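Undergrad: Fold the stuff below for me.
(one chain, ligands or ions: 1)
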Amino acid sequence: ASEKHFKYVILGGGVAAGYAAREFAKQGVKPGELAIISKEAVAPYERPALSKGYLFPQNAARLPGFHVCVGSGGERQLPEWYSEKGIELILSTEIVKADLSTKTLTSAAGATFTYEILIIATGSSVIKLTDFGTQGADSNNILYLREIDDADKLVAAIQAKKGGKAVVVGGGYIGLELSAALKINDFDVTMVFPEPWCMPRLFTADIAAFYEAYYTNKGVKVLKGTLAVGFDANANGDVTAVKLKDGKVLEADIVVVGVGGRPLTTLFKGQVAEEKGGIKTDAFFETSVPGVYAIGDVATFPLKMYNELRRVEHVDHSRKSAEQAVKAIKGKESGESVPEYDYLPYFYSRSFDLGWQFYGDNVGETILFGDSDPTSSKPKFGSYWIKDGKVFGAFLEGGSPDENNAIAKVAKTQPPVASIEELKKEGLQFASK
Ligand SMILES: Cc1cc2nc3c(=O)[nH]c(=O)nc-3n(C[C@H](O)[C@H](O)[C@H](O)COP(=O)(O)OP(=O)(O)OC[C@H]3O[C@@H](n4cnc5c(N)ncnc54)[C@H](O)[C@@H]3O)c2cc1C
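TA: Numbers count the residues shown, from 1 in each chain. Please see the structure below:
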């Protein structure tokens, strides 16, 4: 009798959930039809803000300001946006069991929820140094950043330790955005990572060299090809230092770690087909279980333009896959045709006064173009990835919305390159024309 049933259940209260709810309201959802179950205590928000505006030392972004869908220029969805529509937000509720055969979800406290259609939007986990048993990685003030709860703990630690020393472990987008956030919050910052350069799975050595030099000039000590092998801590269990493989010690009042993550799909293992580490879906985000969909970070879906199954961690995909799934679900109900998902990979990052965008596929060979001098007033440079005589990928730092739209069009249309050398001479003009 305490069990709750909903025609549609979104599991997770993140970017994809929030955008899926907007498409349900667009599609004409009736009160009582939809529930969003989330372990977070707040309504869906624009997660990229957590490593950006949330950490500003002045005029920081705070909720309710960055709830979905403001991040894409849409309208804000306060908790009241859901309740007025009879869309039930079930917050601070962690689902610990999902039985797809009985369409039942069970919470940690044993509350049960059944559905007709399930949308899996559980996002990604955070890989922790304690997962590998790294010596003293359990020390207090060794922090990770995924959710607003993490962001609040980081904000509190920054206030407690400001004027102090911070070490950032990891050289990916988290490493880069957090090193900058700590520096702008008046910390002595050291960035350490074992790979030969930052954003190792996306940046080329030449792109990374710009960021390493720019960070160095901001006063960030960048230690590439360096491995953190332990941590020192005091009688309170608070971190005091980061030990390096060579034997060096970095003093630290705070340590922030960003070493990637994995699709949070533990609830569904063995119940749905998996591919390339994610839950496999078709062009409509439907899994191997009929009526079960998977969106955002967890989906391994058909990337139409590359004729392959892919998995991404992009806020743009999170928003668009959410809209696709809802359109597909409502399409099956009415028997109306829905086009296959046609996504152009798009990733971006911002730190200090920098901002870059990437579109397409980072395959083939690379060429660098523009002004890549880190001391430039307004640096503006890019890179193209060329394979089989055509541009597959495009990167641009410091572009205007027009220049970013131009490099997106290059990645979308994959124009031929008769002369790669000649493309390097054309640079940013190649995209704009
Ligand atoms: C700090 C940060 C900065 C980022 N910056 C950028 C950026 O600049 N550009 C970019 O393109 N991408 C960025 N990303 C990536 C982007 O935010 C993600 O791709 C996006 O959030 C994916 O949305 P999602 O809905 O799939 O997952 P999430 O937004 O993570 O949503 C998952 C939700 O499900 C909940 N959940 C999970 N398991 C359960 C459970 N068992 N029970 C209940 N609730 C559960 C979670 O608590 C959360 O509410 C960033 C990510 C982070 C963490």
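Undergrad: Give me every residue in the stretch 301-433 of the chain lying close to the ligand.
TA: 313-316, 318, 347-349 (Cβ under 6 Å from any ligand atom). Backbone N, C-alpha and C define where each C-beta goes, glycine included.
Undergrad: at 8 Å instead, please
TA: Neighbours of the ligand within the stretch 301-433 of the chain, by Cβ under 8 Å from any ligand atom: 312-318, 321-322, 346-350.
Undergrad: now these: which count as buried?
TA: Taking 16 or more other Cβ atoms under 10 Å as the criterion, what is buried in those is 312-318, 321-322, 346-350.
Undergrad: Mark which of those residues are part of strands, please.
TA: Under the assignment DSSP state E, these contribute 346-350 to strands.
Undergrad: Strands along the stretch 301-433 of the chain, start to end?
TA: 308-310, 346-351, 354-360, 365-371, 380-387, 390-397 (DSSP state E, counting those that start in this stretch).
Undergrad: just checking, what packs against the last one?
TA: What it means is strand 390-397. helix 205-217, strand 354-360, strand 380-387, helix 401-413, helix 428-432 (3 or more Cβ pairs under 8 Å, 6 or more residues apart in numbering; DSSP states H and E).
Undergrad: about what we covered before: which among the buried ones among the residues of the stretch 301-433 of the chain next to the ligand gets closest to residue 249?
TA: Comparing these against residue 249 with Cβ to Cβ places residue 349 closest, at 30.0 Å.
Undergrad: contacting residues around that closest one?
TA: The contact partners of residue 349, taken as Cβ atoms under 8 Å, 6 or more residues apart in numbering, are 173, 176-177, 199, 355-356.
Undergrad: Apply 6 Å and report the result again.
TA: By Cβ atoms under 6 Å, 6 or more residues apart in numbering, the residues touching residue 349 are 173, 356.
Undergrad: Could you list everything it pairs with in the sheet?
TA: Counting by DSSP bridges, residue 349 forms beta bridges with residue 356.
Undergrad: if we can go back for a sec, between the buried ones among the residues of the stretch 301-433 of the chain next to the ligand, which sits nearest residue 226?
TA: Taking Cβ to Cβ as the measure, residue 349 is the one of these closest to residue 226, at 21.5 Å.
Undergrad: Please report the distance of that closest one from residue 138.
TA: Residue 349 sits 29 Å away from residue 138, going by Cβ to Cβ, to the nearest Å.
Undergrad: I figured residue 182 was touching residue 164, is that so?
TA: No - using Cβ atoms under 6 Å, residue 182 makes no contact with residue 164, being 9.8 Å away.
Undergrad: neighbour count winner among the two?
TA: residue 182 (27 against 16; other Cβ atoms under 10 Å).
Undergrad: helix or strand for the more buried one, which one?
TA: helix 173-184 (DSSP states H and E).
Undergrad: name the helices or strands packed onto that helix?
TA: Helices and strands touching helix 173-184, by 3 or more Cβ pairs under 6 Å, 6 or more residues apart in numbering; DSSP states H and E, are strand 165-169, strand 188-193, strand 346-351.
Undergrad: Would you point to the one among the ones you listed that's packed deepest?
TA: Ranked by mean neighbour count under mean count of other Cβ atoms under 10 Å, the helices and strands packed on helix 173-184 are led by strand 165-169, which reaches a mean of 28.
Undergrad: is it up against the ligand anywhere?
TA: No - between strand 165-169 and the ligand, judged by Cβ under 8 Å from any ligand atom, nothing touches; the nearest distance is 13.3 Å.
Undergrad: As TSV, the strands of the stretch 301-433 of the chain with distance to residue 238 would be great.
TA: Shown next, in TSV, are these (distance: least, Cβ to Cβ, whole Å):
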stretch	distance to residue 238
strand 308-310	42
strand 346-351	27
strand 354-360	32
strand 365-371	43
strand 380-387	41
strand 390-397	37
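Undergrad: so how many other residues sit close to the residue nearest to residue 72 when sequence neighbours are not counted?
TA: Distances taken as Cβ to Cβ, 6 or more residues apart in numbering place residue 319 nearest to residue 72, at 5.8 Å, with adjacent residues excluded. When neighbours are counted by other Cβ under 10 Å, residue 319 registers 25.
Undergrad: Pretty sure residue 19 is one of the things residue 319 touches, is it not?
TA: Yes - the criterion here is Cβ under 6 Å, and residue 319 meets it with residue 19 at 4.5 Å.
Undergrad: what does the stretch 1-150 of the chain put close to the ligand?
TA: By the rule Cβ under 8 Å from any ligand atom, the part of the stretch 1-150 of the chain lying against the ligand is 11-19, 37-40, 44, 46-52, 93-96, 107, 121-124, 145-147.
Undergrad: same thing but at 6 Å, please
TA: Neighbours of the ligand within the stretch 1-150 of the chain, by Cβ under 6 Å from any ligand atom: 12-17, 37-40, 47-48, 50-51, 94-95, 121-123, 145-147.
Undergrad: Now list the buried members of these.
TA: 12-17, 37-40, 47-48, 50-51, 95, 121-123, 145-147.
Undergrad: Which ones among those map onto strands?
TA: Per DSSP E, those map to strands at 37, 95.
Undergrad: For residue 256, give its distance to residue 1.
TA: From residue 256 to residue 1 the distance is 46 Å (Cβ to Cβ).
Undergrad: Can I take it that residue 160 is in a strand?
TA: No - according to DSSP: H, G, I helix; E, B strand; the rest coil, residue 160 belongs to no strand; its state is helix.
Undergrad: Can you report how many residues lie near it?
TA: Here the count is done by other Cβ under 10 Å, and residue 160 has 11 residues near it.
Undergrad: who's in contact with it?
TA: Contacts of residue 160 were listed using Cβ under 6 Å, 6+ apart, and none were found.
Undergrad: any idea how far the ligand is from it?
TA: Residue 160 sits 21 Å away from the ligand, taking Cβ to the nearest ligand atom, to the nearest Å as the criterion.
Undergrad: cool, and residue 427?
TA: Distance of residue 427 to the ligand, given as Cβ to the nearest ligand atom: 25 Å.
Undergrad: before we move on, what about residue 249?
TA: 28 Å.
Undergrad: got a list of what the nearest residue to that residue once chain neighbours are set aside touches?
TA: If the residues on either side of it in the chain are set aside, residue 249 comes closest to residue 241, at 5.0 Å by Cβ to Cβ, 6+ apart. Listed by Cβ under 6 Å, 6+ apart, the contact set of residue 241 reads 232, 249, 251-252.
Undergrad: Let me have these in JSON lines, adding neighbour count and secondary structure as columns.
TA: Below are the contacts of residue 241 laid out as JSON lines (neighbours: other Cβ atoms under 10 Å; DSSP: H, G, I helix; E, B strand; the rest coil):
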{"residue": "232", "neighbour count": "16", "secondary structure": "strand"}
{"residue": "249", "neighbour count": "13", "secondary structure": "strand"}
{"residue": "251", "neighbour count": "15", "secondary structure": "strand"}
{"residue": "252", "neighbour count": "28", "secondary structure": "coil"}
